[PDB]
Amino acid sequence: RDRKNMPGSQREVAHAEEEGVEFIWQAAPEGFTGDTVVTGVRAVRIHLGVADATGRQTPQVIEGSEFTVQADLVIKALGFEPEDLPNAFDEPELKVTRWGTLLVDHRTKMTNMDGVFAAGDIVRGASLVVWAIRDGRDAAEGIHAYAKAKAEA
Amino acid sequence: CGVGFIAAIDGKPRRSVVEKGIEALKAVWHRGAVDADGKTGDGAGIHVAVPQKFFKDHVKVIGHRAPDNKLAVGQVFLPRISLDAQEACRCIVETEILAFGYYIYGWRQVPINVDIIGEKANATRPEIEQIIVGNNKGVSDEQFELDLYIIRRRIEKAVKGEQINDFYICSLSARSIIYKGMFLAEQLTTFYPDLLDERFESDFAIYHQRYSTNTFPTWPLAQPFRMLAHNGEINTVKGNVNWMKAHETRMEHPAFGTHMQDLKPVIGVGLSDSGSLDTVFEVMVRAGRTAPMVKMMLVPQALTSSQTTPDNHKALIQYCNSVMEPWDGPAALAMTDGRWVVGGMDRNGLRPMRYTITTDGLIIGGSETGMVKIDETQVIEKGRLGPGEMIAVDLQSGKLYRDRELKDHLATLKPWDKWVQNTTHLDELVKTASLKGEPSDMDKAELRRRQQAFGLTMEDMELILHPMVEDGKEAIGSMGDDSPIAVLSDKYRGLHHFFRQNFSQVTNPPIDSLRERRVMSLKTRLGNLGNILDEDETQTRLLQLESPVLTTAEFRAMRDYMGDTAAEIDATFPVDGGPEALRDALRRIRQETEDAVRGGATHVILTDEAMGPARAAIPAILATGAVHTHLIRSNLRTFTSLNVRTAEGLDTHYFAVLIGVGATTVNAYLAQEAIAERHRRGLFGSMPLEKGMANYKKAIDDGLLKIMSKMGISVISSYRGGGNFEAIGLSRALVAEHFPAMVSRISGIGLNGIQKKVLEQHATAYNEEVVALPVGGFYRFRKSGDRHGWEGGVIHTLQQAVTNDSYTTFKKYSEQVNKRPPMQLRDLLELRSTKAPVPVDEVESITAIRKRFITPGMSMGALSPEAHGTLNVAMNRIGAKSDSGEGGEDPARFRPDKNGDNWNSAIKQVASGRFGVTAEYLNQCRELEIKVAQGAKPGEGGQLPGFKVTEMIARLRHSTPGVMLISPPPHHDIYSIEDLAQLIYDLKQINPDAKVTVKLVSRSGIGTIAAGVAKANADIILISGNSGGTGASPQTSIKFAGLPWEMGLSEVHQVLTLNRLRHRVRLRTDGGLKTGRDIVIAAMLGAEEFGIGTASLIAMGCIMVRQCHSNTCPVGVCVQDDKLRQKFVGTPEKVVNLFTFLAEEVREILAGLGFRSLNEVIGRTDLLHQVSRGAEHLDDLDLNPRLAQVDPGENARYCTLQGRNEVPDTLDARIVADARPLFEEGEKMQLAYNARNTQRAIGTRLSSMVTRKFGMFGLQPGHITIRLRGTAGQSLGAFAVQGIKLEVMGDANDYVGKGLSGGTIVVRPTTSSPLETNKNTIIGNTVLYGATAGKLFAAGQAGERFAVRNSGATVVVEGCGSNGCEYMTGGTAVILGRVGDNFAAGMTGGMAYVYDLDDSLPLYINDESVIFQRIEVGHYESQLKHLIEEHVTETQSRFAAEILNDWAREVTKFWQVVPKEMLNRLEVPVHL
Amino acid sequence: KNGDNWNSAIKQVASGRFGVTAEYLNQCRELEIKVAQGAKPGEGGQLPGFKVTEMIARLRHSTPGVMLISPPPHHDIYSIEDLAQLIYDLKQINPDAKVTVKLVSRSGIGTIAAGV
Ligand SMILES: Cc1cc2nc3c(=O)[nH]c(=O)nc-3n(C[C@H](O)[C@H](O)[C@H](O)COP(=O)(O)O)c2cc1C
Ligand code: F3S
């Protein structure tokens, strides 16, 4: 993508540039040429048209742009995903979304099964720590209310 | 007027279809016939499917059982006046329906309410009834339809048998039902309340309303016809009926059987052209063909001679051309069988038709994209239709078929590629032609003998023949010829001189031949005619010719090719035969041809080789007429062909006259021999013989192409034997016994006079010795030939009489003009009254009459500024009305000078070119005039030589210096009567003070167009004559076109007074008005005002050189140089005294006549009497078909109504009432409104007010802005001044930005429309017609003929169509998308930027005067960058921003088109 | 030049009359009588001390650097009769426009509405 819409914050970009890192925008890797220790990275530049009627630019590849970068040690940071929870806890009734994150109600922060609640970063995705604390406080209130009710009934 | 159709894709009934159909029909009153009565209509109809459940309920109510098979309903118009006919009509229909055993279910009378139609349309109201019948044999559907059609035909014939008028059958079937009548469109659901039931549901419907040209209605003449609808008129109908009567003899098919005999007269009598097309369509589809098949056969696609189309398409085109003659002309066809629904165009795409697709699987098409109210976000496609294209809906399978899909699927029927090779061509025969047996030419003595035998002079051998064979084009004359008509002259003239050419006024438009060469073809098909219903390969085994005219060697090759199937006819008759020898010769050839055709012969060659001292040559025209009409009458023309060998064909007019009769080929061997003998004598230079021959052939072909395009037709195949001419001065009996159908107003000589003339010429040519060809007087004045109109004595007398300022010399002038031999028709008449004279000072004052004269228009290019200004000031100082002529006017001449003279004109011309019309130009006059067709050259464009346009005229017409600037032969804005009404409405909106005038040319059939244009809110019909001058025109057009103004005027008067419309207009004539007698005769005929024209030029000093088209006028009138302009001699006082003398003469003439004023002699045409020429000519000319008139009654015979007829105003008037501060203080304004498609020419009166207050460029751009929401109206923003900005959220209909002069129009789709802004039409056709300056930014695709006559506009569009940027003279046009065909036709100014994708633009460009390249100099890159930046920041488009985003490498995909005449006249040149 | 009419169309007459001159009431198509403002009824509009610069001082013929407060009453309308008198004067000084009266919703405003 472009620097203007990097999913991170801008202070990190400026600091990494100050320390001496080199940036190459609008690219995607395809191959890692090498025998046992990777020697080079075969990658291709990409193009971004204007945004759609929604606000999500569409990428495309250049048919004539191909390049190779020097490589000694490649570190992938493609992202993260949630695990497969049902078979992980021997509870195959855990209602999960297709994306891997589990479902939970909006009001009480309680999942499908009773007693068990779920809140934090596993519900949303790759959110921040402030959202984590928000969900934690909401789940704490939900647990308190539900436990008082269950002790009462 | 209008036509539209609604169809559902899936194929199931629903009430929504009929609801939307009615809603759309209820929004056409703006294009209709607005009048003063308030109730009279002009014809409206709808055509839907049969609601079986409704009639089942009805018959259940009656008392019978509810049947299973679909019922059949038939609507009939029965006589109402005499009940004694209803019984016979019921009798016939019942005895012919029960003839097969069908169970009649009953009768029914449809509810009506006659309280809503007018009164003239009610006295002709018939009785309307419906029959309900059923099926009892369990017959299939196709056989049911066949039987119903046969029953209908038999009933029609039987009713014809009893001669019972006023009987009709609307539609008789089980799938379709038609509700049509002679009421107003909107009131339809109030006339036929049956359509308000909750069961009338269908899956398709077609609606139409027609524009009545005459005011006398007739119910069965209202579309939709039986299984067809139509818009416009067909140029050639009189030529198709003959070919249909010819094909009548070889049509039969086992799908009909014995009943086929009862289908012979396929075309009845009295039905309009659309009706004939409808009937032949129904016959051709009742055999098994599908609707697209018969459509492609009837109206073929124009054969583009490029490999840019699939080959199977080309083979199908060849086949469909070979099987049936085309029916060209304006047509937006909407046909529908019981299964398919097809919409289609003509060859050229003359009339618009646009459609749209909703989300519900519903397609809605018509003439305006706003007639139906639909949600703007529930659409999926807004499409248009190009020329020859078509759209189809398959209801049996429920599928939409676009253009290419349908053409492919239809080519997937039969192997059309394998059959086009079954024919035999001609090129292979001419290349392998035997180079032996070459003929030895005659000795020069016999050649001169044979040439004198035809009265053929020698001046033609250098004036009209030498320039043709030298360069390869026709000759050009520079003054209107005023020689006497053929029947009056005594010297022998060619018989062709009695046949004038036909052309089309505003009813059907002309077509340019210098630019539209891709659409016209001159193929000829020998061995062509065959069975029209058969489907096999024996139909495409024939001979094909590239031209009808052929040389001698080619003719010998073809004759040897024909083998032993040739037949020769003697075209000579004995000199000593007797007084009636011509009748015997014609009878002999007529019986001989009919004897030879049955014997087995198949090709009749008619040659005149048998000419000798004892045998004179029969006029080949009469021979061809006789033989063709006999073969048509005897059901034999289909079996044979007809080749003719003439002996006098030298011009381009004789061949056209001969082909219009019915001949196929022509080989004038005397012309080739003369060319050869004049070449071997060494006067052309060092050019080879065959090269000159080729140039000659090409010139003849181009002349015939021009003469075919003048009428409006496109293909020669539908012109052969059409009778499209005009006969003058021949007996009715002869012209109707030996010519198919030609109008003969006045009779003339018969056969004996022609025999005498021919024998006289034969005797004076053969029996004596001639050594030298005489000069002959036919084009310019010579003493040896016949008389002329402007002789030396007459002109010198007039000049002396106007210089000495004396009246008695003018009297001598008039007496000399009068005592001349009879030369023109108006001479034969004589005034006659029963009164006694009065003192000369009892008639009206001199000024009271001088307030009626004007001068006709003259071009600023073919005259000098000095002479033009002199005429203008002379006409202004007297108090009469002057002229400005085509070519604009100098602005500095708008206000008076210190000497007290107004050097501005009074009448402005808006011609086919629109070379100077601006905001200010249309607001410096008191009258308007639409120059439809000029006097000397009908249906031709305003010609002007290239080297005459200096810097002055080039900067006055927004053109390039020194280039032949020819006006478009068509008008591009007047295609039908509704368009002319729209143009008049615009021209009256732009100037609320003046009035608009129309100029017509006298010819037969002008009465209909007169009664039509009178209802178009006009108030002056200026009838020109054929004896009027010009600037530069081909001699053939001047000599062989038009009729004297007497006939046209006496016809217009009668037709206008018959329809009670005479009291609403004014009638004015000109042409040859020289002395007072002619003026008073014209006033007697019905005219009120008068024009003089060329005579005025004689008063200025013109010496009649007739060499004005070379810029060397000796008296310095038609001069554009420097040394020649100083020779001017004229003076306005000359014109002053001329007009004063004419006024005094007419005053004295009316005084001696007896009356007191002119207002009492106008229309009293019984004061004229016809006398004879003498006791020696023995002709029978009867002008009585003019001397009759219609008794008016209450309303007078003149214009009793002062002031123009105002027009209904649109919302713009209310706009003026809101924008007061803009007129009182000068501050910006921002307005917004909701528009509909019934708001014509919005924002025009605001432009008028702005240009009246400030000026052309007195306001800063973007001063006032107006935002409209929804579909706009027609001709948006006509003539906008700088500052006004009209933004639209939606789409426009047509003529958007017409005549722009500084406005800024922006069109864009709505924000809530999920549509690609570069693949859906957002505007219509002829965008920016004749604009002058201003920016235009579109956000969609344009129609056809986009940006024509552009002069200073800067437009940005993401599309184009056929003939885009035609004749672009200046400005810029950025185009982002595929273009149509024939791009930049004849462009000579401006620059174009095209954005190709598949790199195919060189396959579509018409590289004649423009070159296309890549963008090279960075200056042009920056220019295009600026333009696209403004476009994307003004419309906020998506594709523009996309292109601009990936700008780094996308510039290599651009093509730049620049004319060739400006490669070295630019500051920054093209190439490095 | 650009055709912007920075002029107003409705002129006010407050309880202070800080700019009311002869001409200032002849450049409008409507007058105005500000009886009681919406939020703070029965009180005069204020203006802080450090906001009055030289421009507004010349506009109101006052002294810079001081807090402006108009008197709560209008000093010309002490009853309905004086209101009618002032309406007469305002209609006579401007023989072209109309007049108006601005109030504030409360109980019993119908009677004063009928009065005005
Ligand atoms: C030299 C010349 C130039 C003309 N130019 C125009 C013209 O530009 N536009 C037009 O409508 N008619 C033009 N006309 C035709 C006149 O308007 C008018 O129809 C004709 O001159 C009448 O002929 P008359 O003088 O014999 O009556 C021209 C005629 C002549 C002789
Ligand atoms: S009549 Fe015409 S041809 Fe020249 S001399 Fe006069 S302008």
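Regarding how it was determined, this PDB entry cites cryo-EM in its header, along with a resolution of 4.1 Å.

Enquirer: I tried to follow the overall build of chain A on my own but got confused; where do I start?
Expert: Looking only at helices and strands, chain A features three helices and four strands. Of the regular secondary structure in chain A, the N- to C-terminal order runs α-β-β-β-β-α-α. Each principal axis of the C-alpha atoms in chain A carries an extent, and together these give about 70 × 35 × 35 Å. Residue burial in chain A is summarised as follows: out of 153 residues, 19% are buried.

Enquirer: What am I meant to see in the interface of chain A and chain B here?
Expert: Frequently, the measure chosen for interface size is the accessible area removed from exposure when the parts meet. Taken residue by residue, the interface counts nine residues in chain A and five residues in chain B. Roughly 480 Å² of surface becomes buried between chain A and chain B when both sides are summed, with 48% attributable to carbon and sulfur atoms. Along the contact surface separating chain A from chain B lie zero salt bridges. The interface formed by chain A and chain B holds two residue pairs in polar contact in total. Residues that form the side of chain A that touches chain B fall into these classes: five nonpolar, three polar and one charged.

Enquirer: When you look at the sheet that holds strand β3 (residues 72-78) of chain B in this model, what are you seeing that I'm missing?
Expert: One key point about sheets: their strands pair by backbone hydrogen bonds, in either a parallel or an antiparallel sense. Residue and element names in this part refer to chain B. What the four strands build is an open sheet, ordered β4-β5-β3-β6; its pairing is antiparallel. A strand with exactly one partner marks an edge of an open sheet, and here the two such strands are β4 (104-108) and β6 (168-173). Across the sheet, the mean angle separating the axes of adjacent strands is 15 degrees when strand polarity is ignored. Here β4 pairs with strand β5 (residues 127-133) via four bridges, running antiparallel. Bridge assignment links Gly106 to a residue of β5, and that residue is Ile132. Across the sheet, helix α2 (residues 52-62) touches β3, β4 and β5, and the angle it forms with β4 is around 95 degrees. Seen against the sheet, helix α4 (residues 141-161) touches β3 and β6 and runs at an angle of roughly 165 degrees to β6.

Enquirer: Would you take a moment to explain the site of ligand 1 for this structure?
Expert: Residue and element names in this part refer to chain B. In the neighbourhood of ligand 1, 19 residues make up the surrounding shell, with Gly857, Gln934, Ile1092, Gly1093 and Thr1094 lying closest. Side-chain polar atom of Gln909 to a nitrogen atom of ligand 1: 3.5 Å apart, as the coordinates give it. One of the side-chain N or O atoms of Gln934 is found 3.3 Å from a nitrogen atom in ligand 1. The protein chains hide 95% of the 620 Å² of surface that ligand 1 would expose on its own. Split into classes, the residues belonging to the shell around ligand 1 amount to three nonpolar, twelve polar and four charged.

Enquirer: Would you mind showing me how to read the environment of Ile24 of chain A here?
Expert: Residues and elements named next belong to chain A. Here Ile24 is to be found in the loop between α1 (10-19) and β1 (27-34). Relative accessible area serves as the criterion here: at 59%, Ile24 is assigned to the exposed category. Along the primary structure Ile24 and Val116 are separated by 92 residues, whereas in three dimensions their C-alpha atoms are 46 Å apart.

Enquirer: Is there a simple way to think about the arrangement of the chains in this case?
Expert: Looking across the two pairs of chains in contact, one finds the most contacts between chains A and B. What separates chain A from chain C at the closest point of their C-alpha atoms is a distance of 35 Å, and the two make no contact.

Enquirer: Would you mind going over empty space enclosed by the protein with me for this structure?
Expert: Residues and elements named next belong to chain B. As a volume, the second largest cavity reaches approximately 210 Å³. For the second largest cavity, the lining is made up of 23 residues, of which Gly349, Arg351, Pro352, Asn1325 and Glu1344 are closest to its centre. Residue classes in the lining of the second largest cavity are distributed as nine nonpolar, seven polar and seven charged.

Enquirer: Please explain the pattern of salt bridges as it appears in this structure.
Expert: It is possible for side chains bearing opposite charge to pair when their charged atoms get close. All names here are of chain B. Following the criterion strictly, the structure yields 58 salt bridges over all chains and no others. Put simply, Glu446 and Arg449 hold a salt bridge, and the shortest N to O gap is 3.0 Å. Here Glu446 pairs with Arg449, and both are found in helix α12 (residues 444-453), just three residues apart, close to one helical turn. Ionic pairing is found between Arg493 and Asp786, a salt bridge with its closest N-O pair at 2.6 Å. Remark: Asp786 occurs in the loop between α22 (752-766) and α23 (792-803) and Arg493 occurs in the loop between α14 (466-470) and β16 (499-501); sequence separation between them is 293 residues. Each of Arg1062, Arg1066, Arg1068, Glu1088 and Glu1089 takes part in salt bridges that share partners, so that together they form one network.

Enquirer: I would appreciate a short explanation of the packing of helix α19 (residues 669-679) of chain B against helix α20 (residues 689-709) of chain B in the present structure.
Expert: In helix packing, the relevant descriptors are the interaxial angle and the interaxial distance, both defined with respect to the helix axes. Residue and element names in this part refer to chain B. Relative to each other, α19 and α20 sit at 140 degrees, their axes nearing to 11 Å. If you check the angle between α19 and α20, you find them oblique. Here α19 runs over α20; the crossing is right-handed. Residues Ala671, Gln672, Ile675, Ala676 and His679 of α19 pack against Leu689, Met693 and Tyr696 of α20. Partitioned by chemical class, the residues of the contact of α19 with α20 number six nonpolar, two polar and no charged.

Enquirer: Mind showing me how you'd approach helix α40 (residues 1418-1435) of chain B here?
Expert: Side chains that are three or four residues apart share a direction in an α-helix, a result of its 3.6 residues per turn. Residue and element names in this part refer to chain B. Between its first and last C-alpha, α40 extends 26 Å over 18 residues, near the 26 Å set by a 1.5 Å rise per residue. Along α40, the residues that are buried comprise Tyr1420, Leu1424, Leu1427, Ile1428, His1431, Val1432 and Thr1435. Taken down its axis, α40 places every buried residue within 130 degrees of arc, on the same side. In α40, the exposed positions that point more than 90 degrees away from the buried face belong to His1426 and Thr1433.

Enquirer: Mind showing me how you'd approach the site of ligand 2 here?
Expert: Around ligand 2 sit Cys1102, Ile1103, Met1104, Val1105, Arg1106, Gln1107, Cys1108, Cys1113, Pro1114, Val1117 and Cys1118 of chain B, and that is every residue in its neighbourhood. Its residues assigned to classes, the shell around ligand 2 shows nine nonpolar, one polar and one charged.

Enquirer: Before we go on, may I ask you to explain the packing of aromatic side chains in this structure?
Expert: Given two aromatic rings, their pairing is described by the distance between the two centres and the angle made by the two planes. Residues and elements named next belong to chain B. On inspection of all chains with the given rule, the structure shows 27 aromatic pairs over all chains. Between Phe54 and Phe200 the ring centres are 5.3 Å apart and the planes differ by 55 degrees, which places this aromatic pair in the tilted class. Here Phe54, found in helix α2, pairs with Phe200, found in the loop between α5 (188-191) and β8 (204-209); they are 146 residues apart in sequence, far enough to count as distant. The exposure class assigned to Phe54 is buried, which follows from its relative accessible area of 11%. According to the relative accessible area criterion, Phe200 is buried, its value standing at 4%. A connected cluster of aromatic rings, assembled from ring pairs, spans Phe54, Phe55, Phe77, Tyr168, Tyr179, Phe183, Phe191, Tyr192, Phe200 and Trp219. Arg957 extends its terminal NZ or CZ atom over the ring of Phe915, reaching a point 5.1 Å from the ring centre. Its end group placed over the ring of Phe503, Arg1003 keeps NZ or CZ at 5.4 Å from the ring centre.

Conventions and cut-offs
Residues numbered from 1 in each chain as written, not as in the entry; some residues may be left out. Chains lettered and ligands numbered in written order. Part of a larger assembly, values for the part shown. Heavy atoms only, no water. Helix = DSSP H or I, 4+ residues; strand = E, 2+ residues; numbered from the N terminus. Buried < 20%, exposed > 50% of the residue type's maximum accessible area, 1.4 Å probe, protein only. Contact = heavy atoms within 4.5 Å. Buried area = accessible area lost by both parts, 1.4 Å probe. Salt bridge = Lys/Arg side-chain N within 4 Å of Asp/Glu carboxyl O. Polar contact = N/O pair within 3.5 Å; in protein donor to acceptor, adjacent residues only side chain to side chain. Nonpolar A, V, L, I, M, F, W, Y, C, P; charged D, E, K, R; others polar. Pairing = 2+ DSSP bridges. Axes fitted to C-alpha atoms, helices over the stretch in contact; angles between N-to-C directions. Near = heavy atom within 4 Å. Areas by Shrake-Rupley, 256 points an atom, 1.4 Å probe, with all protein chains shown as cover. 1 Å grid on protein atoms, 1.4 Å probe; cavity = no way out; pocket = protein on both sides within 12 Å on 5 of 7 lines; lining within 4 Å. Points joined across faces, edges and corners; volume = space filled by probe spheres on them. Parallel < 35°, antiparallel > 145°, perpendicular 65-115°, else oblique. Left-handed = near helix turned anticlockwise from the far one by under 90°. Expected span 1.5 Å × (residues − 1). Arc of directions from axis to C-beta. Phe/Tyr/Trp six-rings, centres within 6.5 Å; stacked < 30°, edge-to-face > 60°. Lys NZ or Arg CZ within 6 Å of the ring centre and 35° of its normal.

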